[PDB]
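Novice: Sharing model16.pdb, PDB, C-alpha atoms and all ligand atoms:
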```pdb
ATOM      1  CA  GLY A   1       0.000   0.000   0.000
ATOM      2  CA  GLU A   2       1.963   2.992  -1.370
ATOM      3  CA  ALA A   3       1.601   6.806  -1.563
ATOM      4  CA  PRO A   4       0.287   7.923  -4.990
ATOM      5  CA  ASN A   5       2.914   9.614  -7.233
ATOM      6  CA  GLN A   6       1.345  13.004  -8.129
ATOM      7  CA  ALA A   7       4.483  14.347  -9.918
ATOM      8  CA  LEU A   8       3.559  16.450 -13.025
ATOM      9  CA  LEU A   9       4.942  15.286 -16.415
ATOM     10  CA  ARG A  10       5.212  18.527 -18.491
ATOM     11  CA  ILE A  11       4.805  18.135 -22.333
ATOM     12  CA  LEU A  12       6.674  20.911 -24.246
ATOM     13  CA  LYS A  13       6.152  22.191 -27.850
ATOM     14  CA  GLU A  14       9.452  21.887 -29.886
ATOM     15  CA  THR A  15       9.072  25.648 -30.601
ATOM     16  CA  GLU A  16       9.497  26.447 -26.846
ATOM     17  CA  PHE A  17      13.262  25.709 -27.106
ATOM     18  CA  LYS A  18      16.274  26.116 -29.406
ATOM     19  CA  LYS A  19      19.255  23.716 -29.741
ATOM     20  CA  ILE A  20      22.361  26.022 -29.451
ATOM     21  CA  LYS A  21      25.068  23.278 -29.837
ATOM     22  CA  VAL A  22      25.883  19.544 -29.258
ATOM     23  CA  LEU A  23      27.429  18.138 -26.013
ATOM     24  CA  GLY A  24      27.473  14.324 -26.596
ATOM     25  CA  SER A  25      26.823  11.387 -29.015
ATOM     26  CA  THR A  26      22.631  12.935 -28.752
ATOM     27  CA  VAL A  27      22.619  15.694 -26.012
ATOM     28  CA  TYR A  28      22.362  19.439 -26.846
ATOM     29  CA  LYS A  29      23.094  22.641 -24.931
ATOM     30  CA  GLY A  30      19.963  24.782 -25.531
ATOM     31  CA  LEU A  31      17.578  27.451 -24.209
ATOM     32  CA  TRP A  32      13.969  26.834 -23.062
ATOM     33  CA  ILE A  33      11.303  29.620 -23.110
ATOM     34  CA  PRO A  34       8.209  28.322 -21.280
ATOM     35  CA  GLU A  35       4.988  29.315 -23.233
ATOM     36  CA  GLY A  36       4.399  33.066 -22.494
ATOM     37  CA  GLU A  37       6.528  33.346 -19.278
ATOM     38  CA  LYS A  38       9.376  35.839 -20.199
ATOM     39  CA  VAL A  39      12.146  33.503 -18.767
ATOM     40  CA  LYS A  40      15.047  31.718 -20.546
ATOM     41  CA  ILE A  41      16.155  28.452 -18.903
ATOM     42  CA  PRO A  42      19.501  26.889 -19.973
ATOM     43  CA  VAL A  43      18.731  23.217 -20.736
ATOM     44  CA  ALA A  44      20.338  19.986 -21.845
ATOM     45  CA  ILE A  45      18.079  18.249 -24.432
ATOM     46  CA  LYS A  46      18.514  14.422 -24.588
ATOM     47  CA  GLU A  47      17.053  13.444 -28.057
ATOM     48  CA  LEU A  48      16.754   9.724 -29.100
ATOM     49  CA  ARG A  49      18.523   9.083 -32.503
ATOM     50  CA  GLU A  50      17.090   5.565 -33.377
ATOM     51  CA  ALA A  51      13.433   6.473 -32.435
ATOM     52  CA  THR A  52      12.302   3.323 -34.423
ATOM     53  CA  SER A  53      13.566   1.121 -31.530
ATOM     54  CA  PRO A  54      10.322   0.676 -29.499
ATOM     55  CA  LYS A  55      12.554  -0.758 -26.650
ATOM     56  CA  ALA A  56      14.697   2.479 -26.751
ATOM     57  CA  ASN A  57      11.456   4.547 -26.172
ATOM     58  CA  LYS A  58      10.390   2.432 -23.073
ATOM     59  CA  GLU A  59      13.948   3.112 -21.649
ATOM     60  CA  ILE A  60      13.928   6.924 -22.122
ATOM     61  CA  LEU A  61      10.369   7.213 -20.702
ATOM     62  CA  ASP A  62      11.439   5.303 -17.502
ATOM     63  CA  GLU A  63      14.248   7.883 -17.063
ATOM     64  CA  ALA A  64      11.562  10.629 -17.523
ATOM     65  CA  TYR A  65       9.163   8.881 -15.082
ATOM     66  CA  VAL A  66      11.923   8.710 -12.383
ATOM     67  CA  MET A  67      13.316  12.280 -12.952
ATOM     68  CA  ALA A  68       9.732  13.757 -12.865
ATOM     69  CA  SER A  69       9.196  12.163  -9.426
ATOM     70  CA  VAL A  70      12.384  13.519  -7.685
ATOM     71  CA  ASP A  71      12.612  17.088  -6.269
ATOM     72  CA  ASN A  72      15.893  17.655  -4.381
ATOM     73  CA  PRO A  73      18.806  20.085  -4.845
ATOM     74  CA  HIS A  74      21.303  17.165  -5.224
ATOM     75  CA  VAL A  75      19.341  15.246  -7.861
ATOM     76  CA  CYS A  76      18.876  16.200 -11.505
ATOM     77  CA  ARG A  77      15.726  18.151 -12.360
ATOM     78  CA  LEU A  78      13.566  17.110 -15.384
ATOM     79  CA  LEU A  79      11.757  20.153 -16.867
ATOM     80  CA  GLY A  80       9.631  18.204 -19.396
ATOM     81  CA  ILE A  81       9.491  15.961 -22.466
ATOM     82  CA  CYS A  82       8.744  16.756 -26.135
ATOM     83  CA  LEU A  83       6.893  14.047 -28.168
ATOM     84  CA  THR A  84       8.327  14.742 -31.680
ATOM     85  CA  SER A  85       9.355  11.846 -34.072
ATOM     86  CA  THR A  86      12.399  11.623 -31.744
ATOM     87  CA  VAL A  87      11.377  11.831 -28.022
ATOM     88  CA  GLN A  88      13.350  14.704 -26.349
ATOM     89  CA  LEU A  89      14.124  14.946 -22.575
ATOM     90  CA  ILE A  90      14.560  18.605 -21.424
ATOM     91  CA  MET A  91      16.687  18.836 -18.240
ATOM     92  CA  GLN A  92      18.456  21.601 -16.302
ATOM     93  CA  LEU A  93      21.743  22.334 -18.157
ATOM     94  CA  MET A  94      24.669  21.259 -15.976
ATOM     95  CA  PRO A  95      27.325  23.486 -17.586
ATOM     96  CA  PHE A  96      30.600  21.924 -16.183
ATOM     97  CA  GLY A  97      29.571  18.344 -17.272
ATOM     98  CA  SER A  98      30.276  15.180 -15.240
ATOM     99  CA  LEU A  99      32.200  15.336 -11.937
ATOM    100  CA  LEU A 100      34.313  12.427 -13.309
ATOM    101  CA  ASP A 101      35.487  14.577 -16.281
ATOM    102  CA  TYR A 102      35.736  17.630 -13.946
ATOM    103  CA  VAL A 103      38.109  16.074 -11.361
ATOM    104  CA  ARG A 104      40.327  14.594 -14.208
ATOM    105  CA  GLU A 105      40.489  18.021 -15.970
ATOM    106  CA  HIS A 106      41.152  19.960 -12.710
ATOM    107  CA  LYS A 107      43.251  17.482 -10.511
ATOM    108  CA  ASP A 108      45.631  20.426  -9.764
ATOM    109  CA  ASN A 109      42.973  23.040  -8.757
ATOM    110  CA  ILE A 110      40.725  21.000  -6.348
ATOM    111  CA  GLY A 111      41.047  21.496  -2.574
ATOM    112  CA  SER A 112      39.785  19.323   0.299
ATOM    113  CA  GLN A 113      36.767  21.679   0.975
ATOM    114  CA  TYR A 114      35.347  20.918  -2.533
ATOM    115  CA  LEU A 115      36.000  17.133  -2.400
ATOM    116  CA  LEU A 116      34.332  16.762   1.075
ATOM    117  CA  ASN A 117      31.401  19.095   0.154
ATOM    118  CA  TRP A 118      30.861  16.909  -2.972
ATOM    119  CA  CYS A 119      30.856  13.795  -0.712
ATOM    120  CA  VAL A 120      28.147  15.517   1.466
ATOM    121  CA  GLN A 121      26.006  16.699  -1.524
ATOM    122  CA  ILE A 122      25.966  13.206  -3.160
ATOM    123  CA  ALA A 123      25.121  11.729   0.306
ATOM    124  CA  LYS A 124      22.216  14.238   0.570
ATOM    125  CA  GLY A 125      21.114  13.273  -2.975
ATOM    126  CA  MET A 126      21.287   9.540  -2.202
ATOM    127  CA  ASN A 127      19.533   9.969   1.239
ATOM    128  CA  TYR A 128      16.663  11.793  -0.573
ATOM    129  CA  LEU A 129      16.375   8.891  -3.118
ATOM    130  CA  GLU A 130      16.291   6.527  -0.104
ATOM    131  CA  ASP A 131      13.491   8.591   1.509
ATOM    132  CA  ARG A 132      11.624   8.133  -1.860
ATOM    133  CA  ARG A 133      12.250   4.336  -1.630
ATOM    134  CA  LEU A 134      14.361   4.641  -4.813
ATOM    135  CA  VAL A 135      17.455   2.527  -5.632
ATOM    136  CA  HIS A 136      19.707   4.269  -8.185
ATOM    137  CA  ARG A 137      21.732   1.116  -9.185
ATOM    138  CA  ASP A 138      24.332   3.140 -11.181
ATOM    139  CA  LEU A 139      25.920   5.662  -8.792
ATOM    140  CA  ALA A 140      29.384   6.545 -10.141
ATOM    141  CA  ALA A 141      31.394   9.790 -10.505
ATOM    142  CA  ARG A 142      30.366   9.775 -14.264
ATOM    143  CA  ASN A 143      26.675   9.960 -13.166
ATOM    144  CA  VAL A 144      27.081  13.033 -10.899
ATOM    145  CA  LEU A 145      26.884  16.425 -12.717
ATOM    146  CA  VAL A 146      28.399  19.852 -11.910
ATOM    147  CA  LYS A 147      25.987  22.844 -11.959
ATOM    148  CA  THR A 148      28.842  24.877 -10.365
ATOM    149  CA  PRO A 149      32.089  23.769  -8.599
ATOM    150  CA  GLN A 150      30.054  24.393  -5.360
ATOM    151  CA  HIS A 151      26.970  22.366  -6.434
ATOM    152  CA  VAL A 152      26.600  18.808  -7.885
ATOM    153  CA  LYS A 153      23.569  16.580  -8.632
ATOM    154  CA  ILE A 154      23.126  12.808  -9.102
ATOM    155  CA  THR A 155      22.030  11.969 -12.687
ATOM    156  CA  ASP A 156      21.434   8.921 -14.989
ATOM    157  CA  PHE A 157      18.258   7.279 -13.585
ATOM    158  CA  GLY A 158      18.379   4.824 -16.566
ATOM    159  CA  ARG A 159      18.763   1.848 -14.112
ATOM    160  CA  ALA A 160      16.828   3.350 -11.151
ATOM    161  CA  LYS A 161      14.150   1.040  -9.628
ATOM    162  CA  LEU A 162      11.503   1.722  -6.957
ATOM    163  CA  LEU A 163      11.184  -1.079  -4.314
ATOM    164  CA  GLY A 164       7.565  -2.509  -4.147
ATOM    165  CA  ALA A 165       5.101  -2.333  -1.171
ATOM    166  CA  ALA A 166       7.244  -4.948   0.751
ATOM    167  CA  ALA A 167      10.102  -5.038  -1.875
ATOM    168  CA  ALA A 168      13.210  -4.661   0.426
ATOM    169  CA  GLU A 169      15.660  -6.052  -2.234
ATOM    170  CA  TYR A 170      15.189  -5.708  -6.079
ATOM    171  CA  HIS A 171      15.719  -8.554  -8.696
ATOM    172  CA  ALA A 172      16.918  -7.994 -12.363
ATOM    173  CA  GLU A 173      17.780 -10.298 -15.409
ATOM    174  CA  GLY A 174      20.823  -9.124 -17.528
ATOM    175  CA  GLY A 175      22.222  -6.207 -19.650
ATOM    176  CA  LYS A 176      25.632  -4.336 -19.708
ATOM    177  CA  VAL A 177      26.347  -3.635 -15.943
ATOM    178  CA  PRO A 178      28.979  -1.575 -14.017
ATOM    179  CA  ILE A 179      30.656  -4.457 -12.107
ATOM    180  CA  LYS A 180      33.470  -2.323 -10.606
ATOM    181  CA  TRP A 181      30.844  -0.145  -8.736
ATOM    182  CA  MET A 182      28.469  -2.927  -7.667
ATOM    183  CA  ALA A 183      27.991  -4.408  -4.180
ATOM    184  CA  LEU A 184      28.998  -8.081  -3.857
ATOM    185  CA  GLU A 185      25.313  -9.131  -3.269
ATOM    186  CA  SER A 186      24.479  -7.320  -6.608
ATOM    187  CA  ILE A 187      27.190  -9.093  -8.709
ATOM    188  CA  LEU A 188      26.441 -12.607  -7.270
ATOM    189  CA  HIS A 189      22.610 -12.544  -6.763
ATOM    190  CA  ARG A 190      21.382  -9.356  -8.590
ATOM    191  CA  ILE A 191      20.345  -8.030  -5.101
ATOM    192  CA  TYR A 192      20.053  -4.180  -5.008
ATOM    193  CA  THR A 193      19.116  -2.026  -1.972
ATOM    194  CA  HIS A 194      19.917   1.463  -0.605
ATOM    195  CA  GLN A 195      22.841  -0.439   1.041
ATOM    196  CA  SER A 196      24.054  -1.672  -2.391
ATOM    197  CA  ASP A 197      23.830   2.051  -3.377
ATOM    198  CA  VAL A 198      26.179   2.767  -0.370
ATOM    199  CA  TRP A 199      28.818   0.361  -1.831
ATOM    200  CA  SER A 200      28.724   2.392  -5.089
ATOM    201  CA  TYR A 201      28.875   5.696  -3.031
ATOM    202  CA  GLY A 202      32.161   4.274  -1.578
ATOM    203  CA  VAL A 203      33.566   3.647  -5.088
ATOM    204  CA  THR A 204      32.294   7.104  -6.235
ATOM    205  CA  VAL A 205      34.207   8.725  -3.315
ATOM    206  CA  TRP A 206      37.352   6.699  -4.211
ATOM    207  CA  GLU A 207      37.099   8.101  -7.799
ATOM    208  CA  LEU A 208      36.914  11.714  -6.449
ATOM    209  CA  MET A 209      39.797  11.216  -3.907
ATOM    210  CA  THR A 210      42.025   9.706  -6.717
ATOM    211  CA  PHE A 211      41.020  12.612  -9.102
ATOM    212  CA  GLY A 212      39.237  10.167 -11.455
ATOM    213  CA  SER A 213      41.330   6.949 -11.415
ATOM    214  CA  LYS A 214      39.646   3.781 -12.793
ATOM    215  CA  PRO A 215      38.645   1.368 -10.009
ATOM    216  CA  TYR A 216      40.519  -1.969 -10.279
ATOM    217  CA  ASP A 217      42.190  -0.559 -13.450
ATOM    218  CA  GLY A 218      43.468  -3.407 -15.711
ATOM    219  CA  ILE A 219      41.438  -6.115 -13.840
ATOM    220  CA  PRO A 220      38.768  -8.097 -15.786
ATOM    221  CA  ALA A 221      35.137  -7.768 -14.502
ATOM    222  CA  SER A 222      35.024 -11.653 -14.308
ATOM    223  CA  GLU A 223      37.771 -11.423 -11.585
ATOM    224  CA  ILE A 224      35.965  -8.759  -9.386
ATOM    225  CA  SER A 225      33.507 -11.126  -7.605
ATOM    226  CA  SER A 226      36.444 -13.442  -6.530
ATOM    227  CA  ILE A 227      38.704 -10.515  -5.404
ATOM    228  CA  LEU A 228      35.881  -9.105  -3.206
ATOM    229  CA  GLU A 229      35.159 -12.683  -1.964
ATOM    230  CA  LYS A 230      38.953 -12.847  -1.053
ATOM    231  CA  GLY A 231      38.330  -9.591   0.996
ATOM    232  CA  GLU A 232      40.435  -7.346  -1.313
ATOM    233  CA  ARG A 233      39.157  -3.716  -1.704
ATOM    234  CA  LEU A 234      40.236  -0.555  -3.517
ATOM    235  CA  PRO A 235      43.458   0.917  -2.024
ATOM    236  CA  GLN A 236      43.692   4.043   0.271
ATOM    237  CA  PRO A 237      44.070   7.126  -1.978
ATOM    238  CA  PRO A 238      47.240   9.213  -1.336
ATOM    239  CA  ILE A 239      45.319  12.336  -0.256
ATOM    240  CA  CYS A 240      43.120  10.342   2.185
ATOM    241  CA  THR A 241      43.578  10.289   5.932
ATOM    242  CA  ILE A 242      42.622   6.935   7.449
ATOM    243  CA  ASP A 243      39.399   8.689   8.657
ATOM    244  CA  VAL A 244      38.153   9.264   5.090
ATOM    245  CA  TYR A 245      39.373   5.832   3.852
ATOM    246  CA  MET A 246      37.840   3.978   6.862
ATOM    247  CA  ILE A 247      34.424   5.435   5.784
ATOM    248  CA  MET A 248      34.962   4.242   2.184
ATOM    249  CA  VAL A 249      35.937   0.751   3.533
ATOM    250  CA  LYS A 250      32.798   0.452   5.728
ATOM    251  CA  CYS A 251      30.684   1.026   2.505
ATOM    252  CA  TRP A 252      32.451  -2.125   1.153
ATOM    253  CA  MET A 253      31.519  -4.508   4.029
ATOM    254  CA  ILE A 254      29.985  -7.866   2.929
ATOM    255  CA  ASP A 255      27.192  -7.469   5.557
ATOM    256  CA  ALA A 256      25.005  -4.836   3.734
ATOM    257  CA  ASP A 257      23.443  -3.764   7.131
ATOM    258  CA  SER A 258      27.023  -3.153   8.452
ATOM    259  CA  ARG A 259      27.562  -0.400   5.758
ATOM    260  CA  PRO A 260      26.807   3.214   6.814
ATOM    261  CA  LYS A 261      23.441   4.812   6.016
ATOM    262  CA  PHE A 262      23.434   7.772   3.570
ATOM    263  CA  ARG A 263      22.124   9.880   6.541
ATOM    264  CA  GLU A 264      25.279   8.867   8.536
ATOM    265  CA  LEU A 265      27.542   9.607   5.552
ATOM    266  CA  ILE A 266      26.002  13.172   5.411
ATOM    267  CA  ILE A 267      26.983  13.604   9.101
ATOM    268  CA  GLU A 268      30.527  12.092   8.937
ATOM    269  CA  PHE A 269      31.481  14.042   5.754
ATOM    270  CA  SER A 270      29.951  17.270   7.188
ATOM    271  CA  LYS A 271      32.036  16.905  10.369
ATOM    272  CA  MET A 272      35.101  16.425   8.110
ATOM    273  CA  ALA A 273      34.010  19.303   5.746
ATOM    274  CA  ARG A 274      34.127  21.613   8.846
ATOM    275  CA  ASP A 275      37.944  21.045   9.022
ATOM    276  CA  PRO A 276      38.968  19.817   5.564
ATOM    277  CA  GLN A 277      42.812  19.933   5.915
ATOM    278  CA  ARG A 278      42.555  17.580   8.921
ATOM    279  CA  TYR A 279      40.934  14.891   6.653
ATOM    280  CA  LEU A 280      42.496  15.255   3.175
ATOM    281  CA  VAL A 281      46.165  16.196   2.582
ATOM    282  CA  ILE A 282      46.614  17.908  -0.850
ATOM    283  CA  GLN A 283      49.743  19.756  -2.214
ATOM    284  CA  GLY A 284      49.062  23.562  -2.108
ATOM    285  CA  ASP A 285      45.418  22.980  -0.969
ATOM    286  CA  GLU A 286      45.570  26.411   0.763
ATOM    287  CA  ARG A 287      45.887  28.290  -2.684
ATOM    288  CA  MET A 288      42.883  26.553  -4.438
ATOM    289  CA  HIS A 289      39.936  28.495  -6.096
ATOM    290  CA  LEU A 290      37.319  27.530  -8.818
ATOM    291  CA  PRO A 291      34.187  29.293 -10.299
ATOM    292  CA  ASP A 292      20.248  38.391 -24.587
ATOM    293  CA  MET A 293      20.929  36.653 -21.193
ATOM    294  CA  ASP A 294      18.559  39.221 -19.509
ATOM    295  CA  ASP A 295      15.620  36.897 -18.628
ATOM    296  CA  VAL A 296      17.890  33.824 -18.088
ATOM    297  CA  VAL A 297      16.931  32.044 -14.825
ATOM    298  CA  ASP A 298      18.645  28.813 -13.672
ATOM    299  CA  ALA A 299      16.125  25.916 -13.591
ATOM    300  CA  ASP A 300      16.741  25.885  -9.715
ATOM    301  CA  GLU A 301      14.978  29.313  -9.541
ATOM    302  CA  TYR A 302      12.199  28.227 -11.994
ATOM    303  CA  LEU A 303       9.455  26.630  -9.856
ATOM    304  CA  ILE A 304       6.107  25.223 -11.071
ATOM    305  CA  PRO A 305       3.159  24.738  -8.639
TER     306      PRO A 305
HETATM  307  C1  LIG X 401      21.114  16.317 -15.005
HETATM  308  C2  LIG X 401      20.514  16.794 -16.300
HETATM  309  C3  LIG X 401      21.478  16.734 -17.493
HETATM  310  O1  LIG X 401      21.527  15.746 -18.256
HETATM  311  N1  LIG X 401      22.161  17.832 -17.759
HETATM  312  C4  LIG X 401      23.327  17.766 -18.493
HETATM  313  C5  LIG X 401      23.819  16.681 -19.225
HETATM  314  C6  LIG X 401      24.990  17.138 -19.741
HETATM  315  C7  LIG X 401      25.932  16.527 -20.551
HETATM  316  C8  LIG X 401      27.073  17.258 -20.928
HETATM  317  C9  LIG X 401      27.254  18.574 -20.504
HETATM  318  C10 LIG X 401      26.274  19.121 -19.696
HETATM  319  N2  LIG X 401      25.175  18.414 -19.334
HETATM  320  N3  LIG X 401      24.146  18.801 -18.584
END
```
Can you dump the structure from the file as structure tokens?
Ligand SMILES: */C=C/C(=O)Nc1cc2ccccn2n1

Specialist:
Amino acid sequence: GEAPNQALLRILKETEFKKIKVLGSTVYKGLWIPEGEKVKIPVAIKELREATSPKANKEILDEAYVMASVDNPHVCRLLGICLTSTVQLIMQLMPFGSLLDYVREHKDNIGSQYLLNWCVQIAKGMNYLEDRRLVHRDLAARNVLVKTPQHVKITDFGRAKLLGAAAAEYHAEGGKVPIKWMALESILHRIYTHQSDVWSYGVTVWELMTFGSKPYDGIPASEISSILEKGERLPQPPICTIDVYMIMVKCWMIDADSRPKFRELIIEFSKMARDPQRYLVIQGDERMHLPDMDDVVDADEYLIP
């Protein structure tokens, strides 16, 4: 017996927005003018290419279902869909792209305050998903986006699943899967919970603290289940005090109920964010700084009743 989902799905006319340029391959940087509102909202437009794959259309509409039903500052905002030949998702533009690409590009300019605040913001995002009984199943530094260096959001709800009325764990049957981020119980038994999401939070934090290194780089995915069974885990990043690493390591416990809760991760990373140089040791951390448009509003200041 579940709460009804009264999220609004907004259908947009193709004339309400203009593609300005291409970001990925498709995803476009563009501008959205809501019908007679005198606002310009910078948007990312995810447009299906194939469009004659019925399967592809079920996939994109699940993303849209999930993104319509989440409203949190640390989770990507869907603004609407457009039902042209090619189905278009209109989202808040996240100008600095993925946090994975951002920490690789800016290894040299990123202080402890930013890393730990990112750890908090993704924990807030994930705790909110948990409140909404939602399991992400694909948390990774690639699936967190940068609105500003101060503000990130969890994205890619492609794999996200809601637990049922009494559905504690979730059960799936195949596809291309991100082994190197998955909980042991997920790889062996396709078991997914908020606690399997905490495993992946652990790996996501290891990616940030190693400025975007590949987890278990040059190890085959077939080997990963055995290595974890053997009790091997990702190594302590150079910048990490034992306090930060010990938190990552608890997210990688075999007993899923022994892992921290997202709410606890918010707390531990906040405590550490209050005194960042005590918890991460970075060369020259002390000298680190990062960042008609008249009716432009960020989507975060564009609210619908
Ligand atoms: C979280 C919504 C979203 O997809 N926004 C987004 C995607 C993307 C790709 C590349 C550069 C900027 N981007 N913003």

Novice: Taking every listed atom of segment 274-284 of chain A and adding 4 Å to each side, what centre and edge lengths in Å (one decimal) does the axis-aligned box have, as lines of an AutoDock Vina configuration file?

Specialist:
```
center_x = 41.9
center_y = 19.2
center_z = 3.4
size_x = 23.6
size_y = 16.7
size_z = 19.2
```

Novice: Throw together the list of residues within 10 Å of ligand LIG 401 (chain X), counting all atoms listed in the file, and drop it here as an NGL selection string.

Specialist: :A and (22-29 or 42-46 or 67 or 74-79 or 89-98 or 101 or 143-147 or 152-157)

Novice: Would you mind reading off the distance between atom CA of residue 116 of chain A and atom CA of residue 302 of chain A, one decimal, in Å?

Specialist: 28.1 Å

Novice: Just the residues within 12 Å of residue 51 of chain A, please, counting only C-alpha atoms, with nothing from its chain fewer than 2 positions along; format it as a ChimeraX atom specification.

Specialist: /A:26,47-49,53-60,83-88

Novice: With distances taken over all atoms listed in the file, which residue among A:209, A:187, A:297, A:126 lies nearest residue 261 of chain A?

Specialist: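 Result for the nearest residue to residue 261 of chain A: A:126.
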
Novice: I need the residue nearest residue 171 of chain A from this list: A:186, A:270, A:72, A:117. Use all atoms listed in the file for the distance.

Specialist: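 Residue with the minimum atom-to-atom distance to residue 171 of chain A: A:186.
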
Novice: So which residues get picked by the PyMOL selection byres (((chain A and resi 179) around 12) and not hetatm) here, written as a PyMOL selection string?

Specialist: chain A and resi 137-140+175-178+180-188+190+199-200+203+215-216+219-225+228

Novice: Between A:193, A:150, A:142, A:119, which is the closest to residue 247 of chain A once you count all atoms listed in the file?

Specialist: A:119

Novice: Between A:100, A:11, A:198, A:299, single out the one closest to residue 252 of chain A, counting all atoms listed in the file.

Specialist: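 Once distances to residue 252 of chain A are computed over all atoms listed in the file, the minimum belongs to A:198.
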
Novice: Calculated over only C-alpha atoms, which of the candidates A:207, A:244, A:35, A:159 has the smallest distance to residue 15 of chain A?

Specialist: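 Of the candidates, the smallest distance to residue 15 of chain A is held by A:35.
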
Novice: Let me know the residues the PyMOL selection byres (((chain A and resi 250) around 12) and not hetatm) catches in the file above, as a ChimeraX atom specification.

Specialist: /A:195,198-203,233-234,242-249,251-261,264-265

Novice: Choose the residue, out of A:8, A:172, A:167, A:239, that has the smallest atom-to-atom separation from residue 115 of chain A; count all atoms listed in the file.

Specialist: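 Distance minimum relative to residue 115 of chain A lands on A:239.
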
Novice: One decimal, Å: what's the distance from atom CA of residue 18 of chain A over to atom CA of residue 65 of chain A, could you say?

Specialist: 23.5 Å
